[PDB]
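Only one chain is included here, represented as structure tokens and corresponding to the form deposited in one PDB entry.
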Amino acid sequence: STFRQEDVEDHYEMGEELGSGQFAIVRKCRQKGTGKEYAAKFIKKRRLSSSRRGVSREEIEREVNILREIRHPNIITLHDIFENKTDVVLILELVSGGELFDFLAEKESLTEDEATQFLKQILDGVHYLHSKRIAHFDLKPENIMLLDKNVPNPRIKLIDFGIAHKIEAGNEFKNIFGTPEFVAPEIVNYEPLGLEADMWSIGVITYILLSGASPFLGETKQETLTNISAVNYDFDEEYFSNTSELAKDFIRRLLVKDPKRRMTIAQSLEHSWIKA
């Protein structure tokens, strides 16, 4: 594929920095032709043959390709793609209403009806992707952005696909990526991956939505990963004293070591806790 070999500065005005990914730098920008505001994602390119400062070209295309197919209200849109020697610049949809992580702390804990209002939107977005055999692999509060934060039940779009793959496979797909807190045991153990890893993440997100705490985080990175592979977590009455058995079951049907016994996305939408 080929992106626009042009100066992004010619068509978009840069300013206010937003996210700060590993090799990704996000900046709030302004389209000159219309005045519309967009979000520009700078992806540094893997330099001279053998290096690690930057993302590989082949890995950048993968992300673009996925954003191209993608088309769903609860999911980000890619408008333009630029490129130069050093960086590829994805012009993306701007979601100004802040991350879900930010939103949580200020409420600190949601009611089950509120929690399911957020969850339904995720499950819709994740359902759409899984239909097209796309695994996000990085579902977490930081990649769940609200359109408007100051409305009663805020509406969300999913962001960041630098790690998403198409599981278009009678193949084998393994590797280690994502944030330790949210990764499924197969990623931790370096075992075959599928769409099932995202269902583990949602289980973790849901735990965080209800309790506020992360089910698997420990005092060290080592320990966080031990807990995940072991599946060492419990519904600590502290938070789950007044949580329904259905809500518990939903989470308990998603945090299952064996990816096959783990719930799928269509089963999650048919659950009594989520279903109307």
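Numbers follow the displayed sequence, beginning with 1. Take the two forms, superpose them, and find the largest set of C-alpha atoms that agree within 1.5 Å; that set is the rigid core.
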field: At least a third of the other entries leave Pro192 unmodelled
entry: no
Looking at the other compared entries that model residues on both sides of it, is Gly170 unmodelled in at least a third of them?
yes
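One more form of this protein exists, namely the form deposited in another entry; it is left out here, but the text below deals with it.
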With the core superposed between the shown form and the other one, a CA shift of at least 2 Å among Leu119, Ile134, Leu110, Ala197 belongs only to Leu110
Review point. Does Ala184 show a Cα shift reaching 2 Å between the shown form and the other one after rigid-core superposition?
Key: yes
